[PDB]
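**Student:** can't give you the sequence, but here's the structure:
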RNA sequence: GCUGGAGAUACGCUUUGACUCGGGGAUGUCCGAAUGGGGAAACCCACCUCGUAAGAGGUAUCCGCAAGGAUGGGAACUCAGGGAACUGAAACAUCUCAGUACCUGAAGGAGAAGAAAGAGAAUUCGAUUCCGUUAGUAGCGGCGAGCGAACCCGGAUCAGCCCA
RNA sequence: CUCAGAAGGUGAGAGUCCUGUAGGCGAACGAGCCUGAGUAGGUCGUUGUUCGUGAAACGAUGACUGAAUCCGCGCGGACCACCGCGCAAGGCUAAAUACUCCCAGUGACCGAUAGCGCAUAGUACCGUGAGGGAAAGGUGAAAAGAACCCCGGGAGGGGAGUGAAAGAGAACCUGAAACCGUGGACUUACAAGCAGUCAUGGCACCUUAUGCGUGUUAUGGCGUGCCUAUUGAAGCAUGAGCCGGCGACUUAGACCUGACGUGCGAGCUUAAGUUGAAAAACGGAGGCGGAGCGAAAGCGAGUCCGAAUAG
Ligand SMILES: [Mg+2]
Ligand SMILES: [Mg+2]
Ligand SMILES: [Mg+2]
Ligand SMILES: [Mg+2]
Ligand SMILES: [Mg+2]
Ligand SMILES: [Mg+2]
Ligand SMILES: [Mg+2]
Ligand SMILES: [Mg+2]
Ligand SMILES: [Mg+2]
Ligand SMILES: [Mg+2]
Ligand SMILES: [Mg+2]
Ligand SMILES: [Mg+2]
Ligand SMILES: [Mg+2]
Ligand SMILES: [Mg+2]
Ligand SMILES: [Mg+2]
Ligand SMILES: [Mg+2]
Ligand SMILES: [Mg+2]
Ligand SMILES: [Mg+2]
Ligand SMILES: [Mg+2]
Ligand SMILES: [Mg+2]
Ligand SMILES: [Mg+2]
Ligand SMILES: [Mg+2]
Ligand SMILES: [Mg+2]
Ligand SMILES: [Mg+2]
Ligand SMILES: [Mg+2]
Ligand SMILES: [Mg+2]
Ligand SMILES: [Mg+2]
Ligand SMILES: [Mg+2]
Ligand SMILES: [Mg+2]
Ligand SMILES: [Mg+2]
Ligand SMILES: [Mg+2]
Ligand SMILES: [Mg+2]
Ligand SMILES: [Mg+2]
Ligand SMILES: [Mg+2]
Ligand SMILES: [Mg+2]
Ligand SMILES: [Mg+2]
Ligand SMILES: [Mg+2]
Ligand SMILES: [Mg+2]
Ligand SMILES: [Mg+2]
Ligand SMILES: [Mg+2]
Ligand SMILES: [Mg+2]
Ligand SMILES: [Mg+2]
Ligand SMILES: [Mg+2]
Ligand SMILES: [Mg+2]
Ligand SMILES: [Mg+2]
Ligand SMILES: [Mg+2]
Ligand SMILES: [Mg+2]
Ligand SMILES: [Mg+2]
Ligand SMILES: [Mg+2]
Ligand SMILES: [Mg+2]
Ligand SMILES: [Mg+2]
Ligand SMILES: [Mg+2]
Ligand SMILES: [Mg+2]
Ligand SMILES: [Mg+2]
Ligand SMILES: [Mg+2]
Ligand SMILES: [Mg+2]
Ligand SMILES: [Mg+2]
Ligand SMILES: [Mg+2]
Ligand SMILES: [Mg+2]
Ligand SMILES: [Mg+2]
Ligand SMILES: [Mg+2]
Ligand SMILES: [Mg+2]
Ligand SMILES: [Mg+2]
Ligand SMILES: [Mg+2]
Ligand SMILES: [Mg+2]
Ligand SMILES: [Mg+2]
Ligand SMILES: [Mg+2]
Ligand SMILES: [Mg+2]
Ligand SMILES: [Mg+2]
Ligand SMILES: [Mg+2]
Ligand SMILES: [Mg+2]
């Protein structure tokens, strides 16, 4: 709604800001899902005698003077199989798109209520060299005391990236609620496709 | 279920369950009273809680 | 701030841990355990006791178009043959029938597979027509 | 992810065990026999609490007439004449004055003696 | 069981090279390399060394007593420093002869 | 630098390029499909040919004229010949478990399947397999327990070539 | 410095010490007139698919028979007519599908009762055999792994020495509990007891700590383990020698039905898949509301039973 770019105003920024200020509830629903979906389901557990190794029968039921149990592969046995252990699950599902759209809107708007940066003509990087990135950021008020999320096209401008800290490259709007919210501030650079 | 399909236990608009009438049906009728032609549609919802999940795609 | 991100305030509770003093030792007391038989049970179930033969069939069934939808509200814009989108028929692949519900005097032209004669009464009596395929 | 029982049980157990101190033999040293006995102790604590009240009452009383009868009265008589005079609401732990302050309790006796008969 | 195989079991320096103690005791002492063991590291240099009581049982003499011997070392110390310094010298070069490669940093050869 | 884990003394070998590689070769005792014959595997006894002994080569059956091909071994996967019961139906015969388990045979890195005497009800589609869906829908059933499609549509991949 | 900030090693946590990483290059030898007859068709015995003999079509064979050639033939779920769809009795065929001995990468997977049975072992051990089948870890930064002296045959320990540490010494990280002891404090040899609890006295102590104190003890009052199973348990009814560790209400599905919450709301939402992945968009096939009544044809704010109206 209010932003001045690197090449000078792009015709102005308006877009929209889903008032009241963002929402934490709807936000956290998204990131929860986000991390949940990206979660890799994996588990090691041995069930019982099919999955463990034992076989057969044991000392026989009545009249041994000791306890009843007929096998060694059972949960109640040390070295045995396991009951109700974890199996290779999924943890994935489709968050309604309406919310996924609404999520980063809110999140972009979360950077707007605070410090927000958009850019055109960031050519000062001078190929890559990674150093002029440090300068370009420094001239733009980016200390390095904040963690920044750079999102853009023009891979050269991205090819300078990944500083000692704080610099994270996110190519051509693969932008998600998580990454932009976890960072201190965000630079969406190119306003194109941010139309 | 497949049991109540061509059978009784019809659901309605309100979701209530429709029962037919049994005695007597195709045999052992004889006697006198109207009552033969008086076995129609009927219902109770007391048992019907357990009849919904038995066949609900249709009414 | 990611760490500042809050709950939903009563989106949902945790499950039930049945291992403890205070709330455990559960299921029934006797014969409620190790289960998996259940559903409905007895001597001779009501179901079997109850008569029917009847039928199945279910041949042609029609998409209903409520008449109040056309007339009055919107423009009474002459929905024509396929309005589809912005109109209420969706799944289709089934014939469509037009039935009288709401009414006003405004002209209409409706192409449907059939319609009620008491609806088709009010279609012309407001001006306009309903046509059917050959 | 497994979560083993580690470092939880041991702390709780030791937490119990430490409650048990002058506990004789197995009572002090091994948890199971230590845990219970605290079960029963609960019964002995809660109940004895409102009981020591009962005990003491009968202790004060037991003193009072011992002193009263020394003067030719008794708890029943004394407590009454002291009651029959709205004057003395004395009541609670009157035994203190009975045992410790002999000259005092006497004047307290004759007051009860007089305002009764 | 792992053991020193973390580096690619390629050795910097060589059999005879002169070199500085990096970190450790001493630290900046020098010596010619006596023994180089690529697999296990274990640089033997003329620097820091420990008094070894030799095993009492012996075929020659009751003996024992205490030899000085050696203390072997890791890649913990430096490599072959030319430019009057303890410099760690990355670059190789095809220079001088068209055969050998001489590691230098601010400088040449080694 | 090296002289296997081996850790230990000795003899050493290596810029004439070792060692550690990456890739071809060369030797590869005896047993094992074993296959000269025998046979309680890894040992006993032979015949033929080249020959100076040392030693090398051959000697099983099965298809064929021959070249040549087949025996045997595979973790799970595929197809085929054969084919359970406990269990469920609150007992039990039809039924269910289930064409599951097991057995046997064949084969490959996949296999099976395939080029409409088809699906079907638009005078529509257009080899096969696979996924989603149709759909717990049609139906099957001591019409009990319970079993349960396909066509349309959306996808993955899409080739048809030859003989009497 | 950064096209390199992934990572592991180094006396303790390194971007710039090592190996690496981004990036770049790289081999001789390698490896990627016809048109299918003992058959279609049939009867008998049967079976497949939703097909349990049912009105049972059609496929498929075991046994008997046994056709037509294009002015032909098979199907369309008994059968007939019409109408359609298709040419059997010859074969072959990549691709999308399955699995994981084996290699790689990653992990809201394990970390020595876990994880494979095995931190290597199908070994030890058991069985004539088929077969079954273990426990398993840690000096140190480096062996610098203790020359030498003392008691002892030794084992074992006390020194010395090395080391930051030997409060690491090879029965070598931590080292809880049961269990065994040594020394001390207050106690105990006329006393009937689920082992406690309460009150007071005595002695001792003084680092959340000179009080509402900690430890112990004498005396008085009170006082029927625990769990399970039961109308009812201290029960002479079940279970348990003790302490440690292992150990039991889970997961799954486009399933059903409720509650809370959220986003869109006369609408709501995608599945498989495609594309891109340091992240997600795409994908309307389909699904759910939207009209009910009837056995069904069907009709429709109506429907159904019936000649109506009574329901
Ligand atoms: Mg016993
Ligand atoms: Mg295990
Ligand atoms: Mg109905
Ligand atoms: Mg749960
Ligand atoms: Mg509760
Ligand atoms: Mg019980
Ligand atoms: Mg009972
Ligand atoms: Mg039971
Ligand atoms: Mg069970
Ligand atoms: Mg059931
Ligand atoms: Mg863990
Ligand atoms: Mg008590
Ligand atoms: Mg009282
Ligand atoms: Mg009183
Ligand atoms: Mg070695
Ligand atoms: Mg080498
Ligand atoms: Mg042989
Ligand atoms: Mg043989
Ligand atoms: Mg041969
Ligand atoms: Mg096999
Ligand atoms: Mg049976
Ligand atoms: Mg049964
Ligand atoms: Mg049977
Ligand atoms: Mg097989
Ligand atoms: Mg073979
Ligand atoms: Mg399917
Ligand atoms: Mg398709
Ligand atoms: Mg095609
Ligand atoms: Mg590091
Ligand atoms: Mg520094
Ligand atoms: Mg033909
Ligand atoms: Mg035939
Ligand atoms: Mg037949
Ligand atoms: Mg039958
Ligand atoms: Mg047939
Ligand atoms: Mg003809
Ligand atoms: Mg026919
Ligand atoms: Mg027909
Ligand atoms: Mg293939
Ligand atoms: Mg283990
Ligand atoms: Mg252990
Ligand atoms: Mg095993
Ligand atoms: Mg074995
Ligand atoms: Mg033996
Ligand atoms: Mg070591
Ligand atoms: Mg020892
Ligand atoms: Mg000794
Ligand atoms: Mg010690
Ligand atoms: Mg220690
Ligand atoms: Mg020893
Ligand atoms: Mg350590
Ligand atoms: Mg230890
Ligand atoms: Mg003593
Ligand atoms: Mg003692
Ligand atoms: Mg005595
Ligand atoms: Mg005594
Ligand atoms: Mg006693
Ligand atoms: Mg007292
Ligand atoms: Mg003191
Ligand atoms: Mg006592
Ligand atoms: Mg219990
Ligand atoms: Mg009883
Ligand atoms: Mg009792
Ligand atoms: Mg008992
Ligand atoms: Mg009993
Ligand atoms: Mg016993
Ligand atoms: Mg399900
Ligand atoms: Mg659903
Ligand atoms: Mg499915
Ligand atoms: Mg709701
Ligand atoms: Mg809205």
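**Tutor:** The structure has been received and is ready for your questions. Residues are numbered from 1 along each chain as shown, chains lettered A, B, ... in the order given. Ligands and ions are numbered 1, 2, ... in the order given.
**Student:** Show me the residue at the heart of chain E, geometrically.
**Tutor:** Residue closest to the mean C-alpha point of chain E, counted by CA atoms, centre = their mean, is residue E:43 at 3.6 Å.
**Student:** try chain B
**Tutor:** Central residue of chain B (CA atoms, centre = their mean): residue B:19, 2.1 Å from the mean position.
**Student:** where's the closest residue to residue E:94 other than its chain neighbours relative to chain A, distance?
**Tutor:** The spatially closest residue to residue E:94, leaving aside those adjacent along the chain, is residue E:101, at 6.5 Å (CB to CB, 6 or more residues apart in numbering or on different chains). The C-beta positions use only the backbone N, C-alpha and C, and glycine is treated the same way. According to CB to the nearest CB, to the nearest Å, residue E:101 stands 29 Å off from chain A.
**Student:** residue contacts, residue E:101?
**Tutor:** Residue E:101 makes contact with E:92-94, according to CB atoms under 8 Å, 6 or more residues apart in numbering or on different chains.
**Student:** Mind checking which of those residues are in helices?
**Tutor:** If you go by DSSP state H, the contacts of residue E:101 have nothing in helices.
**Student:** Can you give the distance of stretch E:98-107 from its chain's centre?
**Tutor:** Offset of stretch E:98-107 from its chain centre (CA atoms, centre = their mean, to the nearest Å): 20 Å.
**Student:** If we go by neighbour counts, what in that stretch is buried?
**Tutor:** Applying a neighbour-count criterion of 16 or more other CB atoms under 10 Å in any protein chain shown, one finds E:102-104, E:107 buried in stretch E:98-107.
**Student:** Quickly find the element holding residue A:168.
**Tutor:** According to DSSP states H and E, residue A:168 maps onto strand A:167-169.
**Student:** An error on my part: the question was meant for residue C:69.
**Tutor:** Residue C:69 is part of helix C:67-70, with elements assigned from DSSP H and E.
**Student:** Quick check: buried residues in that helix?
**Tutor:** C:67, C:70.
**Student:** Walk me through which strands the helix or strand just after that helix pairs with, and which way each runs.
**Tutor:** Using DSSP H and E, the helix or strand that follows helix C:67-70 in sequence is strand C:96-99. If you go by DSSP bridges, strand C:96-99 pairs up with strand C:63-66 (parallel), strand C:114-115 (parallel).
**Student:** Which of the ones you listed has the highest mean neighbour count?
**Tutor:** Most buried of these by mean neighbour count (mean count of other CB atoms under 10 Å in any protein chain shown) is strand C:114-115; its value is a mean of 19.
**Student:** Output the contacting helices and strands for whichever helix or strand comes after that strand.
**Tutor:** Downstream of strand C:114-115, the next assigned helix or strand under DSSP H and E is helix C:117-124. Using 3 or more CB pairs under 8 Å, 6 or more residues apart in numbering or on different chains; DSSP states H and E, the elements in contact with helix C:117-124 are strand C:96-99, strand C:128-131.
**Student:** before we move on, back to that, as JSON lines, the strands paired with strand C:96-99 with distance to RNA strand G would be great.
**Tutor:** JSON lines is the format used below for the strands paired with strand C:96-99 (distance: least, CB to the nearest atom of the strand, whole Å):
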{"stretch": "strand C:63-66", "distance to RNA strand G": "5"}
{"stretch": "strand C:114-115", "distance to RNA strand G": "7"}
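**Student:** Any part of the helix or strand hosting residue D:55 near chain C?
**Tutor:** Here residue D:55 sits within helix D:38-70, counting by DSSP H and E. No - judged by CB under 8 Å from any CB of the partner chain, helix D:38-70 stays clear of chain C, getting no closer than 11.9 Å.
**Student:** How about that helix and ligand 12, any contact?
**Tutor:** Yes - counting by CB under 5 Å from the ion, contacts between helix D:38-70 and ligand 12 involve D:44, D:47.
**Student:** That helix - contacts with which helices or strands?
**Tutor:** helix D:75-84, helix D:95-100, helix D:102-114.
**Student:** Quick one: the strands in the chain, in order.
**Tutor:** Answering for chain A, as no chain was given. Secondary structure of chain A by DSSP state E: the strands cover A:148-150, A:167-169, A:185-187.
**Student:** wait, chain E
**Tutor:** E:18-20, E:30-37, E:41-45, E:52-53, E:66-67.
**Student:** Out of those strands, which is closest to residue B:23?
**Tutor:** If you check each of those against residue B:23 by CB to CB, strand E:41-45 wins as the nearest, at 98.8 Å.
**Student:** Kindly calculate the angle that the closest one makes with strand E:30-37.
**Tutor:** Relative orientation of strand E:41-45 and strand E:30-37, computed by axes from the mean of the first three to the mean of the last three CA atoms, to 10 degrees: 140 degrees.
**Student:** what sits against residue C:118?
**Tutor:** Applying CB under 8 Å, 6+ apart, we find residue C:118 in contact with residue C:100.
**Student:** And residue B:9, how far from RNA strand G?
**Tutor:** From residue B:9 across to RNA strand G, the span is 11 Å (CB to the nearest atom of the strand, to the nearest Å).
**Student:** Residue E:90 too?
**Tutor:** 6 Å.
**Student:** Please report phi then psi for the residue nearest to residue E:94.
**Tutor:** The phi/psi pair for residue E:101 (degrees, to the nearest 10) reads phi -120, psi 120.
**Student:** nearest spatial neighbour of residue C:64, skipping sequence neighbours?
**Tutor:** Nearest non-adjacent residue to residue C:64 (CB to CB, 6+ apart): residue C:99, at 5.9 Å.
**Student:** Oops, could you answer that again for residue C:53 instead?
**Tutor:** residue B:6 (6.4 Å).
**Student:** same deal with residue A:169?
**Tutor:** residue A:161 (4.2 Å).
**Student:** For residue B:25, find the nearest of the strands paired with strand C:96-99.
**Tutor:** Comparison of the strands paired with strand C:96-99 against residue B:25 by CB to CB identifies strand C:63-66 as nearest, at 36.5 Å.
**Student:** Which one of the residues in chain D is closest to chain B?
**Tutor:** Per CB to the nearest CB, residue D:1 is where chain D lies closest to chain B, at 36.7 Å.
**Student:** and that residue, how many residues sit next to it?
**Tutor:** 4 (other CB atoms under 10 Å in any protein chain shown).
**Student:** what's near enough to touch it?
**Tutor:** With the criterion set at CB under 8 Å, 6+ apart, residue D:1 makes contact with residue A:86.
**Student:** quick revisit: can you put the contacts of residue E:101 in a markdown table and add neighbour count?
**Tutor:** Formatted as a markdown table, the contacts of residue E:101 follow (neighbours: other CB atoms under 10 Å in any protein chain shown):
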| residue | neighbour count |
| --- | --- |
| E:92 | 11 |
| E:93 | 12 |
| E:94 | 10 |
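**Student:** ok, the residues you listed vs residue A:74, which is closest?
**Tutor:** Looking across the contacts of residue E:101 and measuring by CB to CB, the closest to residue A:74 is residue E:92, at 64.2 Å.
**Student:** now the closest one, nearest residue through space, not along the chain?
**Tutor:** Nearest non-adjacent residue to residue E:92, counting by CB to CB, 6+ apart: residue E:101, 4.2 Å away.
**Student:** Equivalent analysis for residue E:27, please.
**Tutor:** Nearest to residue E:27 is residue E:21, by CB to CB, 6+ apart, at 5.1 Å.
**Student:** cool, and residue A:117?
**Tutor:** residue A:187 (4.5 Å).
**Student:** ok, that neighbour touching residue A:148?
**Tutor:** Yes - judged on CB atoms under 8 Å, residue A:187 makes contact with residue A:148 at a distance of 5.7 Å.
**Student:** more neighbours, these two?
**Tutor:** Comparing residue A:187 with residue A:148 by other CB under 10 Å, the one with more neighbours is residue A:187, at 24 against 21.
**Student:** so how far is residue A:114 from that one?
**Tutor:** 13 Å (CB to CB, to the nearest Å).
**Student:** Count the neighbours of residue E:31 for me.
**Tutor:** 19.
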